[PDB]
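Student: Before anything else, here's the structure in question.
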Amino acid sequence: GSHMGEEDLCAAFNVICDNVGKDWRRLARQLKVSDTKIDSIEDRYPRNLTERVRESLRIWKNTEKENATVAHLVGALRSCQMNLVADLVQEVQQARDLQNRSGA
């Protein structure tokens, strides 16, 4: 696990968990979660979206591993018709310009 060092990603993982309530079913689907999963994920947490969402993470990235970068997170928000969150996770992208280095 890792509770320290996920800079920027904090907004991407905190996002999936922050706008929960009805945001994971959109991020899960767009993150590449088969419908069969929404039925399993919900089946696992019938009273806690905040918990089921974190569960996708183990799968969410397990599929788009290479395409599971920070940009994928906000980039995904844009497709989830949730520009609101995508807006805050986009702030994540701004933090990358400081660590992404690579000036040439």
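Going by the structure tokens order, chains are called A, B, ..., each with residues numbered from 1, while ligands are numbered from 1 in the order shown.
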With only C-alpha atoms as the counted atoms, please give the residues lying no more than 12 Å from residue 35 of chain A, apart from itself and same-chain residues fewer than 6 positions off, as number ranges by chain.
Tutor: A: 25-26, 28-29, 41-42
Student: Take the residues just selected and output them with C-alpha atoms as a PDB file, in the first residue's frame.
Tutor:
```
ATOM      1  CA  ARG A  25     -20.489   4.271 -11.118  1.00  0.00           C
ATOM      2  CA  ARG A  26     -19.458   6.804 -13.759  1.00  0.00           C
ATOM      3  CA  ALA A  28     -15.950   2.884 -12.699  1.00  0.00           C
ATOM      4  CA  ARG A  29     -17.685   2.483 -16.058  1.00  0.00           C
ATOM      5  CA  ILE A  41     -18.930  -3.925  -6.507  1.00  0.00           C
ATOM      6  CA  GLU A  42     -22.347  -2.767  -5.289  1.00  0.00           C
TER       7      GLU A  42
END
```
Student: List the neighbours of segment 84-94 of chain A out to 8 Å using only C-alpha atoms; skip same-chain residues closer than 4 positions along the sequence, and give me the result as a list in words.
Tutor: residues 8, 9, 11, 12, 15, 19, 70, 71, 73, 74, 75, 76, 77, 78 and 98 of chain A
Student: Residues of the last selection are to be written out with C-alpha atoms, as a PDB file, in the first residue's frame.
Tutor:
```
ATOM      1  CA  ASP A   8      -0.942  14.684  -7.334  1.00  0.00           C
ATOM      2  CA  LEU A   9      -2.346  11.163  -7.529  1.00  0.00           C
ATOM      3  CA  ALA A  11      -6.424  14.170  -6.110  1.00  0.00           C
ATOM      4  CA  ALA A  12      -6.978  11.344  -8.591  1.00  0.00           C
ATOM      5  CA  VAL A  15     -11.426  12.225  -6.404  1.00  0.00           C
ATOM      6  CA  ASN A  19     -17.440  12.925  -5.265  1.00  0.00           C
ATOM      7  CA  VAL A  70      -2.999  10.969 -13.537  1.00  0.00           C
ATOM      8  CA  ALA A  71      -4.169  12.372 -16.877  1.00  0.00           C
ATOM      9  CA  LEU A  73      -8.060  10.156 -14.023  1.00  0.00           C
ATOM     10  CA  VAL A  74      -9.061  13.735 -14.957  1.00  0.00           C
ATOM     11  CA  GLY A  75      -9.172  12.765 -18.637  1.00  0.00           C
ATOM     12  CA  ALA A  76     -11.757  10.208 -17.471  1.00  0.00           C
ATOM     13  CA  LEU A  77     -13.759  12.852 -15.596  1.00  0.00           C
ATOM     14  CA  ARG A  78     -14.190  14.726 -18.895  1.00  0.00           C
ATOM     15  CA  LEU A  98       6.168  20.915 -11.210  1.00  0.00           C
TER      16      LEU A  98
END
```
Student: Rounded to one decimal, what separation in Å do you get between atom CA of residue 24 of chain A and atom CA of residue 45 of chain A?
Tutor: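 That distance, rounded to one decimal, is 12.5 Å.
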Student: For the atom pair atom CA of residue 33 of chain A and atom CA of residue 14 of chain A, what is the interatomic distance in Å to one decimal place?
Tutor: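 Distance between the two atoms: 18.4 Å.
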Student: Excluding segment 49-51 of chain A and any residue of its chain fewer than 3 positions from it, enumerate the residues within 7 Å of it, using only C-alpha atoms, and give them as a PyMOL selection string.
Tutor: chain A and resi 17+20-21+45+54-55
Student: Out of A:18, A:30, A:60, A:10, which residue has the shortest atom-to-atom distance to residue 81 of chain A when counting only C-alpha atoms?
Tutor: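 Smallest separation from residue 81 of chain A among the options: A:30.
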Student: Any idea what the distance is between atom CA of residue 40 of chain A and atom CA of residue 56 of chain A?
Tutor: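 So the two atoms, atom CA of residue 40 of chain A and atom CA of residue 56 of chain A, lie 10.3 Å apart.
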Student: DSSP on the backbone: what in chain A comes out alpha helix (DSSP H), as a PyMOL selection string?
Tutor: chain A and resi 9-18+24-32+35-44+49-64+70-79+83-99
Student: Determine the nearest neighbour of residue 83 of chain A from the options A:36, A:102, A:27, A:65, counting only C-alpha atoms.
Tutor: A:27
Student: Considering only C-alpha atoms, can you say which of A:100, A:68, A:4, A:22 comes closest to residue 48 of chain A?
Tutor: A:22
